[PDB]
Amino acid sequence: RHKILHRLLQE
Amino acid sequence: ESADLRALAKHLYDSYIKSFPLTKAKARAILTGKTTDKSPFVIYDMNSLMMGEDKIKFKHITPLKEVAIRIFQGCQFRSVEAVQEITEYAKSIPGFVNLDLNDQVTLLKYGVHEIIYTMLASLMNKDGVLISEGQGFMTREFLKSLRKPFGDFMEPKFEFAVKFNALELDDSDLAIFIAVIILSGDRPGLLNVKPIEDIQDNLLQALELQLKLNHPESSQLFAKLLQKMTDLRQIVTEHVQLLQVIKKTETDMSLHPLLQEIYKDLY
Ligand SMILES: CC[C@H](OC(=O)N(Cc1ccccc1)C(=O)Nc1cc(OC)cc(OC)c1)c1cc(-c2ccc(OC(C)(C)C(=O)O)cc2)no1
Ligand SMILES: CCCCCCCCCCCCCC(=O)O
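Residues numbered from 1 in each chain as written, not as in the entry; some residues may be left out. Chains lettered and ligands numbered in written order. Heavy atoms only, no water.

Participant: Looking at this structure, I do not really get the site of ligand 2. What am I missing?
Facilitator: All names here are of chain B. Every residue near ligand 2 is listed here: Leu 22, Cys 75, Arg 78, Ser 79, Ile 116, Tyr 117, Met 119, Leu 120 and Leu 123. Between ligand 2 and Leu 22 there is a distance of 2.8 Å, counted from an oxygen atom to a backbone nitrogen or oxygen. Within the backbone of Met 119, an N or O atom sits 2.8 Å from an oxygen atom of ligand 2. Protein burial of ligand 2: of its 470 Å² of free accessible surface, 89% is covered by the chains. For the shell around ligand 2, the secondary-structure elements that each account for two or more residues are α4 (67–91) and α5 (101–122). (Near = heavy atom within 4 Å. Polar contact = N/O pair within 3.5 Å; in protein donor to acceptor, adjacent residues only side chain to side chain. Areas by Shrake-Rupley, 256 points an atom, 1.4 Å probe, with all protein chains shown as cover. Helix = DSSP H or I, 4+ residues; strand = E, 2+ residues; numbered from the N terminus.)

Right under this line is the structure:
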């Protein structure tokens, strides 16, 4: 869950 | 000591300047006409909205519906970019990226709307709001005049903004205040509160010092500001309920998937 947020945070 | 708290303040300010293209400084220059720059296009009715489209068109984005819906959709594209900017800023807050990734998610998820309303106030006066990075100025009465429930959607944000803007914070103050909001140890579902509260404690000391130094004649600005932090949650809960209402009563629109992520399982 929160795939985009995870992506933004790990990016 | 005090010195370290000043270094934190300055580190946050520089990060803030990197993360958010349109500052409160730039916005206030535009709104007072103290800029050399061209005046923003005023949108005060449907006709003026239409004529301004080419000048407020962000990133050459074009619709593939009624005005109320199109306004809401444009507001969505801006909000998504605000979320991205706030995420980048958060990762500059010392210690934040060392937190459990699930807690980073939770902090952003509950914090971004509080910050968006804080930063929206920098773009508002009692008569309207700057849009498309200062290129347009949408009147408050025009937003009120939209059909329900859209007509009453932005009005809460204006009432907040008028009171908050009276504190006369600048970007260097806001940079720390925003970091304080993100590092809130009482967000639902946090796994490990302690290191969040440790960071917030430092941020809060940094904010108190900053306010003392930057507004020496403004007594109890720190305390006035902390009370607004508790009011922001209400504008957010209220806002979430309205979104819930429109998501049911308006099948002709839908939320960007990023905004879906944030709004779901929220209040
Ligand atoms: C009716 C003009 C409206 O513009 C805004 O409201 N804008 C400028 C904007 C335009 C396109 C993309 C991003 C921004 C705003 O900035 N609105 C706005 C309003 C606002 O108060 C409500 C606050 C705010 O931030 C401070 C911004 C707009 C929306 C669109 C639009 C463009 C593409 C769209 O794509 C899809 C979803 C595929 C579609 O066609 O359904 C849908 C709508 N084109 O123009
Ligand atoms: C949901 C209502 C507001 C959503 C529209 C975007 C508002 C925030 C954009 C702010 C851009 C940062 C610049 C600033 O405000 O200083």
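After that view of the structure, there is still more to cover.
Participant: I would appreciate a short explanation of the UniProt feature "binding site: rosiglitazone" in chain B in the present structure.
Facilitator: All names here are of chain B. Summarizing the sequence annotation, UniProt attributes the feature "binding site: rosiglitazone" to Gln 76, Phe 77, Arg 78, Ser 79, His 113, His 239 and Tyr 263 in the numbering used throughout. Residue placement: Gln 76 occurs in helix α4. Owing to a relative accessible area of 7%, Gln 76 belongs among the buried residues under this scheme. Every residue in contact with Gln 76, bar those within four places of it in the chain, is listed here: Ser 254, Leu 255, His 256 and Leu 259. The topology assignment puts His 113 in helix α5. Here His 113 is in contact with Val 236, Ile 262 and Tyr 263, once residues within four sequence places are set aside. (UniProt positions renumbered as here; feature names shortened; annotations may be inferred. Buried < 20%, exposed > 50% of the residue type's maximum accessible area, 1.4 Å probe, protein only. Contact = heavy atoms within 4.5 Å.)

Participant: In this structure, what is going on with the interface of chain A and chain B? I would like to understand it.
Facilitator: Many authors give the size of an interface as the accessible area that is lost as the parts come together. Listed per partner, the contact involves ten residues of chain A and 18 residues of chain B. Put simply, chain A and chain B have two salt bridges between them. Put simply, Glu 11 of chain A and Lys 91 of chain B hold a salt bridge, and the shortest N to O gap is 4.0 Å. In this structure, the connection of chain A to chain B is made through five residue pairs in polar contact. (Salt bridge = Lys/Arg side-chain N within 4 Å of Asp/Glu carboxyl O.)

Participant: Looking at this structure, I do not really get the site of ligand 1. What am I missing?
Facilitator: All names here are of chain B. As a matter of local geometry, ligand 1 sits amid 21 residues, with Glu 53, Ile 56, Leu 64, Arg 70 and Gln 73 nearest to it. At 2.7 Å from an oxygen atom of ligand 1 is found a main-chain nitrogen or oxygen belonging to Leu 64. Contacts to ligand 1 include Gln 73, whose side-chain N or O atom sits 3.3 Å from an oxygen atom. Relative to its unbound accessible surface of 890 Å², ligand 1 loses 86% to contact with the protein. Elements represented by at least two residues in the shell around ligand 1 include exactly α3 (46–56), α4 and β3 (128–131). No other element matches α4, which puts seven residues into the shell around ligand 1.

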